[PDB]
Amino acid sequence: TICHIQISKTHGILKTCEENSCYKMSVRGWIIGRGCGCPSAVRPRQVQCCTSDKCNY
């Protein structure tokens with residue numbers, strides 16, 4: 001799956017993942033990561049997982 005990747009001061013970067021899922025990880029609304037796969041996380045860490053190209057916007 002093609003996923004949005006989080007890189008400091010660099011927007012629009014995508015990665016062709018071997019994984020079927022993409023994720024967006026946040027704390028208090030602040031994005032701490034965006035990438036390949038679906039990682040596990042407990043409060044205050046919130047994960048949004050999806051399985052389609054560019055889904056983790």
# chains A, B, ... in the order shown; residues from 1 in each chain; ligands from 1
$ select_by_dssp --residues "chain A" --states "strand (DSSP E or B)" --output "PDB file with N, CA, C and O atoms, in the first residue's frame"
ATOM      1  N   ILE A   2       0.477   2.294  -0.745  1.00  0.00           N
ATOM      2  CA  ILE A   2       1.206   3.567  -0.778  1.00  0.00           C
ATOM      3  C   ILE A   2       0.712   4.404   0.409  1.00  0.00           C
ATOM      4  O   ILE A   2      -0.481   4.679   0.508  1.00  0.00           O
ATOM      5  N   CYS A   3       1.620   4.781   1.319  1.00  0.00           N
ATOM      6  CA  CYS A   3       1.279   5.534   2.528  1.00  0.00           C
ATOM      7  C   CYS A   3       2.009   6.861   2.609  1.00  0.00           C
ATOM      8  O   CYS A   3       3.196   6.933   2.265  1.00  0.00           O
ATOM      9  N   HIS A   4       1.332   7.884   3.182  1.00  0.00           N
ATOM     10  CA  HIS A   4       1.943   9.189   3.496  1.00  0.00           C
ATOM     11  C   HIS A   4       2.975   8.920   4.606  1.00  0.00           C
ATOM     12  O   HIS A   4       2.705   8.119   5.509  1.00  0.00           O
ATOM     13  N   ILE A   7       7.974  13.241   7.724  1.00  0.00           N
ATOM     14  CA  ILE A   7       9.364  13.715   7.696  1.00  0.00           C
ATOM     15  C   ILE A   7       9.314  15.187   8.130  1.00  0.00           C
ATOM     16  O   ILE A   7       8.570  15.966   7.527  1.00  0.00           O
ATOM     17  N   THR A  10       9.258  18.461   5.784  1.00  0.00           N
ATOM     18  CA  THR A  10       9.175  17.886   4.434  1.00  0.00           C
ATOM     19  C   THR A  10       7.813  17.204   4.223  1.00  0.00           C
ATOM     20  O   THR A  10       7.609  16.078   4.682  1.00  0.00           O
ATOM     21  N   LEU A  14       5.624  10.061   0.062  1.00  0.00           N
ATOM     22  CA  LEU A  14       4.884   8.804   0.143  1.00  0.00           C
ATOM     23  C   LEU A  14       5.858   7.615   0.038  1.00  0.00           C
ATOM     24  O   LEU A  14       6.902   7.731  -0.597  1.00  0.00           O
ATOM     25  N   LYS A  15       5.511   6.482   0.657  1.00  0.00           N
ATOM     26  CA  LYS A  15       6.314   5.257   0.610  1.00  0.00           C
ATOM     27  C   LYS A  15       5.454   4.090   0.154  1.00  0.00           C
ATOM     28  O   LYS A  15       4.326   3.934   0.632  1.00  0.00           O
ATOM     29  N   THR A  16       5.985   3.278  -0.775  1.00  0.00           N
ATOM     30  CA  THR A  16       5.328   2.059  -1.252  1.00  0.00           C
ATOM     31  C   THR A  16       5.644   0.991  -0.189  1.00  0.00           C
ATOM     32  O   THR A  16       6.779   0.500  -0.112  1.00  0.00           O
ATOM     33  N   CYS A  22      -1.719   1.500   6.415  1.00  0.00           N
ATOM     34  CA  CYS A  22      -1.099   2.804   6.643  1.00  0.00           C
ATOM     35  C   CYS A  22      -1.572   3.231   8.024  1.00  0.00           C
ATOM     36  O   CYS A  22      -2.633   2.783   8.483  1.00  0.00           O
ATOM     37  N   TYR A  23      -0.832   4.132   8.665  1.00  0.00           N
ATOM     38  CA  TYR A  23      -1.225   4.652   9.968  1.00  0.00           C
ATOM     39  C   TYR A  23      -0.931   6.127  10.125  1.00  0.00           C
ATOM     40  O   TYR A  23      -0.058   6.675   9.449  1.00  0.00           O
ATOM     41  N   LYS A  24      -1.612   6.741  11.078  1.00  0.00           N
ATOM     42  CA  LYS A  24      -1.398   8.100  11.514  1.00  0.00           C
ATOM     43  C   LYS A  24      -1.463   8.033  13.024  1.00  0.00           C
ATOM     44  O   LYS A  24      -2.489   7.627  13.586  1.00  0.00           O
ATOM     45  N   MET A  25      -0.357   8.385  13.673  1.00  0.00           N
ATOM     46  CA  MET A  25      -0.243   8.362  15.123  1.00  0.00           C
ATOM     47  C   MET A  25      -0.189   9.778  15.670  1.00  0.00           C
ATOM     48  O   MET A  25       0.597  10.600  15.178  1.00  0.00           O
ATOM     49  N   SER A  26      -1.055  10.072  16.657  1.00  0.00           N
ATOM     50  CA  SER A  26      -1.138  11.391  17.280  1.00  0.00           C
ATOM     51  C   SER A  26      -1.241  11.384  18.806  1.00  0.00           C
ATOM     52  O   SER A  26      -1.693  10.405  19.405  1.00  0.00           O
ATOM     53  N   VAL A  27      -0.816  12.490  19.426  1.00  0.00           N
ATOM     54  CA  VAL A  27      -0.935  12.757  20.865  1.00  0.00           C
ATOM     55  C   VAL A  27      -1.418  14.203  21.005  1.00  0.00           C
ATOM     56  O   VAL A  27      -0.775  15.125  20.493  1.00  0.00           O
ATOM     57  N   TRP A  30      -1.506  16.426  17.904  1.00  0.00           N
ATOM     58  CA  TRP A  30      -0.191  16.574  17.281  1.00  0.00           C
ATOM     59  C   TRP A  30       0.257  15.238  16.674  1.00  0.00           C
ATOM     60  O   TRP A  30       0.340  14.229  17.383  1.00  0.00           O
ATOM     61  N   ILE A  31       0.562  15.245  15.370  1.00  0.00           N
ATOM     62  CA  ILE A  31       1.031  14.068  14.639  1.00  0.00           C
ATOM     63  C   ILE A  31       2.457  13.699  15.067  1.00  0.00           C
ATOM     64  O   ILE A  31       3.377  14.506  14.937  1.00  0.00           O
ATOM     65  N   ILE A  32       2.623  12.486  15.609  1.00  0.00           N
ATOM     66  CA  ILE A  32       3.930  11.980  16.037  1.00  0.00           C
ATOM     67  C   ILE A  32       4.504  10.999  15.001  1.00  0.00           C
ATOM     68  O   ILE A  32       5.690  10.658  15.062  1.00  0.00           O
ATOM     69  N   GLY A  33       3.675  10.592  14.047  1.00  0.00           N
ATOM     70  CA  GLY A  33       4.090   9.693  12.981  1.00  0.00           C
ATOM     71  C   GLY A  33       3.010   9.356  11.977  1.00  0.00           C
ATOM     72  O   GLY A  33       1.816   9.423  12.275  1.00  0.00           O
ATOM     73  N   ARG A  34       3.444   9.020  10.765  1.00  0.00           N
ATOM     74  CA  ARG A  34       2.614   8.605   9.635  1.00  0.00           C
ATOM     75  C   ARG A  34       3.492   7.675   8.832  1.00  0.00           C
ATOM     76  O   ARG A  34       4.611   8.052   8.461  1.00  0.00           O
ATOM     77  N   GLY A  35       3.009   6.464   8.582  1.00  0.00           N
ATOM     78  CA  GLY A  35       3.786   5.518   7.806  1.00  0.00           C
ATOM     79  C   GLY A  35       3.111   4.215   7.471  1.00  0.00           C
ATOM     80  O   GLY A  35       1.886   4.136   7.398  1.00  0.00           O
ATOM     81  N   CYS A  36       3.943   3.184   7.269  1.00  0.00           N
ATOM     82  CA  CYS A  36       3.577   1.822   6.890  1.00  0.00           C
ATOM     83  C   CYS A  36       3.095   1.008   8.097  1.00  0.00           C
ATOM     84  O   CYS A  36       3.600   1.182   9.201  1.00  0.00           O
ATOM     85  N   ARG A  45      -1.681   8.286  23.314  1.00  0.00           N
ATOM     86  CA  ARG A  45      -1.329   7.948  21.938  1.00  0.00           C
ATOM     87  C   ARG A  45      -2.527   7.350  21.191  1.00  0.00           C
ATOM     88  O   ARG A  45      -3.105   6.350  21.631  1.00  0.00           O
ATOM     89  N   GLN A  46      -2.902   7.980  20.072  1.00  0.00           N
ATOM     90  CA  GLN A  46      -4.058   7.570  19.270  1.00  0.00           C
ATOM     91  C   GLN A  46      -3.605   7.197  17.874  1.00  0.00           C
ATOM     92  O   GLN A  46      -2.912   7.992  17.235  1.00  0.00           O
ATOM     93  N   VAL A  47      -3.988   5.993  17.402  1.00  0.00           N
ATOM     94  CA  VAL A  47      -3.643   5.492  16.061  1.00  0.00           C
ATOM     95  C   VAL A  47      -4.892   5.427  15.186  1.00  0.00           C
ATOM     96  O   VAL A  47      -5.954   4.989  15.632  1.00  0.00           O
ATOM     97  N   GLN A  48      -4.747   5.848  13.939  1.00  0.00           N
ATOM     98  CA  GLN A  48      -5.778   5.763  12.911  1.00  0.00           C
ATOM     99  C   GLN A  48      -5.186   4.866  11.841  1.00  0.00           C
ATOM    100  O   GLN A  48      -4.155   5.211  11.260  1.00  0.00           O
ATOM    101  N   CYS A  49      -5.765   3.676  11.639  1.00  0.00           N
ATOM    102  CA  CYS A  49      -5.264   2.749  10.622  1.00  0.00           C
ATOM    103  C   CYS A  49      -6.237   2.616   9.468  1.00  0.00           C
ATOM    104  O   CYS A  49      -7.446   2.668   9.676  1.00  0.00           O
ATOM    105  N   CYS A  50      -5.715   2.418   8.260  1.00  0.00           N
ATOM    106  CA  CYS A  50      -6.509   2.306   7.025  1.00  0.00           C
ATOM    107  C   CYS A  50      -5.757   1.448   6.011  1.00  0.00           C
ATOM    108  O   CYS A  50      -4.548   1.268   6.154  1.00  0.00           O
TER     109      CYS A  50
END
$ atom_distance --atom1 "atom CA of residue A:37" --atom2 "atom CA of residue A:56"
10.6 Å
$ atom_distance --atom1 "atom CA of residue A:1" --atom2 "atom CA of residue A:41"
21.3 Å
$ atom_distance --atom1 "atom CA of residue A:20" --atom2 "atom CA of residue A:6"
17.9 Å
